[PDB]
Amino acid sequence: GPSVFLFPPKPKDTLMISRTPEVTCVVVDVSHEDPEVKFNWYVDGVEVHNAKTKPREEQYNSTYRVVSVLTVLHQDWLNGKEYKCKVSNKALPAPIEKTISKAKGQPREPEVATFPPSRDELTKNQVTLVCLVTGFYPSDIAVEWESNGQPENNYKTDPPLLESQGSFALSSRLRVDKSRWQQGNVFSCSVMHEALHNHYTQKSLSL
């Protein structure tokens, strides 16, 4: 060290305009003898100076951790702009630059399908709803279950997986009480992806 790791914003933050997408530049193994760290940020080479550099906190292996958060514009990230964090310290010989950007490739809209429970699974008290999300590119996506405008607890969403034609797919399944399903509660699968209109679609199901 001192090593440098640069992290992208999360898909939902880049897709919803009210949220705050951040590029996070984490520096570790910053020593006691040479503690000074200078963060220089760039957007397609153009230097920018609005990064909140949080103060260097000590880790119990006796080296400081230093985080610099650059807030990005949603459209810049989505248009494939490159974000470069330049770190400089007296311990390291020459500056460590790292660059990230959105995954490249032509955007493809997800198709979203919901499946009600099996008649066989209705025997059990716990019951499964499935949201199938297919044909999307890039893999950056948010898929979430809700009911009555609130998040639904007991679900799992697998990672996006490549199909043969280059696009991605996943399933999300929600485990609900049989009684909630049988009394007609509406459950919705919300999908956020850059290739959807308004970056958002929702599909609902009920008995």
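The first residue of the sequence shown is number 1, and the count goes up from there.
Per the PDB record, of the two stretches 55 to 63 and 171 to 179, 55 to 63 carries the greater mean B-factor over its C-alpha atoms.
Look at the C-alpha B-factors of 20 to 28 and of 185 to 193. On average they run higher in 20 to 28. Note on the listed residues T114, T128, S101, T123: the highest Cα temperature factor in the record is that of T123. Across the residues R119, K84, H74, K81, the deposited record lists the maximum Cα B factor for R119. Ranked by C-alpha B-factor against the other modelled residues of its chain, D140 falls in the lowest third. Sort the modelled residues of the chain by CA B factor and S206 lands in the middle third.
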